[PDB]
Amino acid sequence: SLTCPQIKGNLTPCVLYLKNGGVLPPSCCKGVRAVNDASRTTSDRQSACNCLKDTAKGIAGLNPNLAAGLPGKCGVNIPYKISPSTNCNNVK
């Protein structure tokens, strides 16, 4: 599993997009995919969610529709939303 600093690093190329939309850089989607790909266990998924939530809290003006739709744009299903207030502790 990725550590939280690793998950944050994977998300840096997403920041502008996550605020404003427009061009979704492929390096962003590569990072989202990396997170999902490393999330093998249920705890891994809860932990990734909790890191992403903190990550989202730290992006001033993050748009929660863009964040919700980002994994699907990247061909990723993560079974929670990236948001500053997700209940991560119930993820399966």
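One rule holds for the numbers: they count along the sequence shown, beginning at 1.
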query: So which stretch wins on mean C-alpha B-factor, 43-51 or 57-65?
result: 57-65
field: Within-chain third of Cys4 by Cα B-factor, per the entry
entry: middle
field: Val23 CA temperature factor, ranked by third within the chain
entry: middle
- prompt: Among the chain's modelled residues, which third holds the C-alpha B-factor of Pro79?
  reply: highest
